[PDB]
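Report on the structure given below.
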Amino acid sequence: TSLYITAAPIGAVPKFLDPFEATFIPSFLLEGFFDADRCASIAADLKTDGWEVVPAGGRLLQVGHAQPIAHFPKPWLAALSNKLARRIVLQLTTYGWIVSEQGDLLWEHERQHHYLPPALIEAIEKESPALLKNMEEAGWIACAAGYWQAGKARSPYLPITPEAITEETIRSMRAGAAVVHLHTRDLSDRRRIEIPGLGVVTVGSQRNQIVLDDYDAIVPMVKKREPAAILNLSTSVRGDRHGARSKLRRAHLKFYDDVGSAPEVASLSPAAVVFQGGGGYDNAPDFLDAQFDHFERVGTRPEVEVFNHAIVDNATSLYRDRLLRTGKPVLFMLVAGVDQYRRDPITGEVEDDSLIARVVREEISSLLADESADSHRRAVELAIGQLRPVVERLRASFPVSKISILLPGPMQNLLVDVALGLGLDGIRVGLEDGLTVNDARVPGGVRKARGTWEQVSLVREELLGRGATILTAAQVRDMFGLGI
Ligand SMILES: O=C([O-])CC(=O)C(=O)O
Ligand SMILES: [Mg+2]
Numbered sequence: 016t017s018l019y020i021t022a023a024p025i026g027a028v029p030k031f032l033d034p035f036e037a038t039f040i041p042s043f044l045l046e047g048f049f050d051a052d053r054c055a056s057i058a059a060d061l062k063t064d065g066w067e068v069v070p071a072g073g074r075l076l077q078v079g080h081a082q083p084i085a086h087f088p089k090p091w092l093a094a095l096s097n098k099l100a101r102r103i104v105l106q107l108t109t110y111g112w113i114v115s116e117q118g119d120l121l122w123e124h125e126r127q128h129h130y131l132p133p134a135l136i137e138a139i140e141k142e143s144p145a146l147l148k149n150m151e152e153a154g155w156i157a158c159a160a161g162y163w164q165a166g167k168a169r170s171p172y173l174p175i176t177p178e179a180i181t182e183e184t185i186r187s188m189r190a191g192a193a194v195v196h197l198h199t200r201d202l203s204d205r206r207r208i209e210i211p212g213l214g215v216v217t218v219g220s221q222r223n224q225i226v227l228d229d230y231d232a233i234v235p236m237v238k239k240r241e242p243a244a245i246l247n248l249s250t251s252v253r254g255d256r257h258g259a260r261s262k263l264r265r266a267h268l269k270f271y272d273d274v275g276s277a278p279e280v281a282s283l284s285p286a287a288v289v290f291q292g293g294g295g296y297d298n299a300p301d302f303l304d305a306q307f308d309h310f311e312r313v314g315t316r317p318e319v320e321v322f323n324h325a326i327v328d329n330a331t332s333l334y335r336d337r338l339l340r341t342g343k344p345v346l347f348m349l350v351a352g353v354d355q356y357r358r359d360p361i362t363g364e365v366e367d368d369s370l371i372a373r374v375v376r377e378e379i380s381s382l383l384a385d386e387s388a389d390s391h392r393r394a395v396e397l398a399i400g401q402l403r404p405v406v407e408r409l410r411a412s413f414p415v416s417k418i419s420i421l422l423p424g425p426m427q428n429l430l431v432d433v434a435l436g437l438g439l440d441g442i443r444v445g446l447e448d449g450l451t452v453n454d455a456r457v458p459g460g461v462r463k464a465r466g467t468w469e470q471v472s473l474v475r476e477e478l479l480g481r482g483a484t485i486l487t488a489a490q491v492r493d494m495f496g497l498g499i
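Going by my numbering, the letters in the sequence shown line up with residues 16 to 499, in that order.
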């Protein structure tokens with residue numbers, strides 16, 4: 016098959032981390048400078064924003080970062096188990112350190128306030144006391160108890176503003192992506208917390224939210240630079256119950272006068288999406304009737320986000336004629352590897368409804384953890400066996416269709432094999448789905464991606480190495496009849 020790459024640069028879940036902000040707040044400074052109650056308040060707000068309580072024993076590397084009241088050579092990391100090295104590499108690249116061509120970690124800035132937690136330091140101390148000593152000579156200093164910003168599910172490169180989203184969209188397209196799937200985030204709750212003997216920390220939910228003013232900016236800013244761009248707007252209200260039938264979910268799917276069209280594509284999920292991990296959202300029949308009516312009217316092609324088997328059942332039965340009406344080829348995205356529930360409306364009980372059955376998915380994760388060529392091949396087999404009948408049901412009901420696949424970060428080594436073996440038409444990558452890339456230069460072999468564009472370049476590379484063709488935006492538009 017020929018394939019198109021979808022870039023997904025933002026999503027609902029990951030958060031931006033400012034790597035130039037403090038990453039550790041000592042207890043004695045917070046508790047002993049504010050009243051015990053506003054100290055409980057600041058703490059709660061830090062905790063809301065993902066900061067975690069830590070005991071003494073951490074290490075802090077700090078330069079030019081306080082007011083009155085930086086390399087990691089490859090042989091250092093190579094001295095450790097793969098697991099320990101990966102932990103360090105992921106933590107430091109989350110903090111904006113980068114991997115050099117020699118496979119060293121480098122911080123390429125003057126100031127920094129970068130902290131490693133006691134559990135990491137303890138593990139280093141056990142595997143290599145000499146490394147801990149080398150680190151302390153390099154300036155890593157022992158810490159008291161306090162609060163740490165791990166940046167769990169965070170990236171210093173996540174774009175959350177119209178300007179940054181535009182720039183990443185364009186870079187992703189230039190790295191090879193034909194389609195860009197967009198979310199916006201609500202940043203109205205941003206607030207600066209000042210801490211004496213430390214400085215300012217900025218908190219905020221970065222909550223997933225359709226922001227109309229953001230799209231009013233993004234759509235023409237993208238189109239001015241790349242008029243061929245195929246924009247796929249998220250209609251999801253993930254994280255935000257109580258908005259599931261709101262017209263807000265199509266208000267961004269208007270004709271944009273500055274651009275002379277409605278968005279080319281937008282996401283549509285024709286059943287409730289109930290993540291096993293929590294945070295899902297309904298898509299009721301009355302709401303969906305309104306969505307389809309609207310997509311058809313403005314000329315936006317739905318991309319059916321196939322989260323679960325309920326969606327497969329519904330798309331191929333009740334909603335089939337409506338999907339045909341919104342134009343061929345009908346577009347599908349397999350949200351593979353993400354555990355899903357279906358809830359019985361009568362009893363309220365849930366059962367597995369994942370595309371890859373959770374029990375099978377758990378086996379796949381175990382196999383990928385082996386890091387052996389045999390295990391990888393078994394993992395691919397299990398994935399294909401689970402996904403094959405889903406793909407065939409979709410192909411049978413929609414002879415003129417295009418089916419892509421995504422996978423969560425930790426399963427992404429399967430992406431190309433699974434997509435090629437299923438005869439899929441596309442593959443999606445981006446910070447929405449995973450924050451990492453492989454990098455053979457660095458011990459442990461994994462690090463934070465420099466951007467969605469980097470993930471796009473790498474998947475494009477792997478595809479070309481197996482004799483696949485990569486379609487451009489101009490080609491996808493023409494062949495899928497989009498933007499009319
Ligand atoms: O974009 C969509 O339609 C779905 C999505 O990102 C999510 O709910 O995780
Ligand atoms: Mg999305």
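Where a beta carbon is used, it is the ideal one built from N, C-alpha and C, also for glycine.
Ligand 2 heavy atoms versus the CB of residue i: any closer than 8 Å?
| i | result |
| --- | --- |
| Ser-282 | yes |
| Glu-36 | no |
| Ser-143 | no |
| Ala-192 | no |
| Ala-85 | no |
| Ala-23 | yes |
| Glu-209 | no |
| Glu-279 | no |
Where residue i and residue j are concerned, what is the direct C-alpha to C-alpha distance, given to the nearest angstrom?
| i | j | result |
| --- | --- | --- |
| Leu-61 | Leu-32 | 13 Å |
| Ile-113 | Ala-464 | 10 Å |
| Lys-239 | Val-194 | 16 Å |
| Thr-487 | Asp-389 | 34 Å |
| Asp-119 | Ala-100 | 12 Å |
| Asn-453 | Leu-421 | 17 Å |
| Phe-43 | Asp-304 | 57 Å |
| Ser-282 | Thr-250 | 6 Å |
| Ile-156 | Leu-246 | 47 Å |
| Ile-442 | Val-491 | 13 Å |
| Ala-153 | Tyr-110 | 17 Å |
| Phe-307 | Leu-346 | 14 Å |
| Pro-242 | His-267 | 18 Å |
| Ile-361 | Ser-56 | 41 Å |
| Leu-227 | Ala-330 | 28 Å |
| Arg-205 | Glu-36 | 14 Å |
| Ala-384 | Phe-310 | 42 Å |
Does the beta carbon of residue i fall short of 8 Å from some heavy atom of ligand 4?
| i | result |
| --- | --- |
| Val-288 | Among the ligands present in this structure, namely ligand 1 and ligand 2, ligand 4 is not found. |
Using a threshold of 9 Å, state whether the C-beta atoms of residue i and residue j are closer than that.
| i | j | result |
| --- | --- | --- |
| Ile-225 | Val-215 | no |
| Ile-25 | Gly-191 | no |
| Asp-301 | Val-288 | no |
| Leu-197 | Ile-233 | yes |
| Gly-352 | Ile-326 | no |
Within 8 Å: the Cβ of residue i and any heavy atom of ligand 1?
| i | result |
| --- | --- |
| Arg-169 | no |
| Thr-199 | no |
| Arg-253 | yes |
| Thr-250 | yes |
| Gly-26 | yes |
| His-196 | yes |
| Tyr-130 | no |
| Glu-320 | yes |
| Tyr-19 | no |
| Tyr-334 | no |
| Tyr-230 | no |
For residue i, is the classification buried or exposed, using 16 other Cβ atoms within 10 angstroms of its Cβ as the cut-off for buried?
| i | result |
| --- | --- |
| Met-426 | buried |
| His-257 | exposed |
| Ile-84 | exposed |
| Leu-333 | exposed |
| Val-365 | exposed |
| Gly-275 | exposed |
| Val-350 | buried |
| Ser-170 | buried |
| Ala-299 | exposed |
| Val-68 | exposed |
| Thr-341 | buried |
| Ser-203 | exposed |
| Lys-417 | buried |
| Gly-498 | buried |
| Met-494 | exposed |
Assuming the contact rule is C-beta atoms closer than 8 Å, residue i and residue j should be a hit. Round their C-beta distance to whole Å, please.
| i | j | result |
| --- | --- | --- |
| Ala-398 | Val-433 | 5 Å |
| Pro-285 | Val-313 | At roughly 19 Å, the Cβ-Cβ gap does not stay under 8 Å, so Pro-285 and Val-313 are not in contact. |
| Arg-456 | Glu-116 | 7 Å |
| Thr-38 | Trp-163 | 7 Å |
| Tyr-230 | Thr-199 | 7 Å |
| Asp-368 | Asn-323 | 4 Å |
Any beta carbon of chain D sitting closer than 9 Å to that of residue i?
| i | result |
| --- | --- |
| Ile-420 | The structure shown has no chain D; it contains just one protein chain. |
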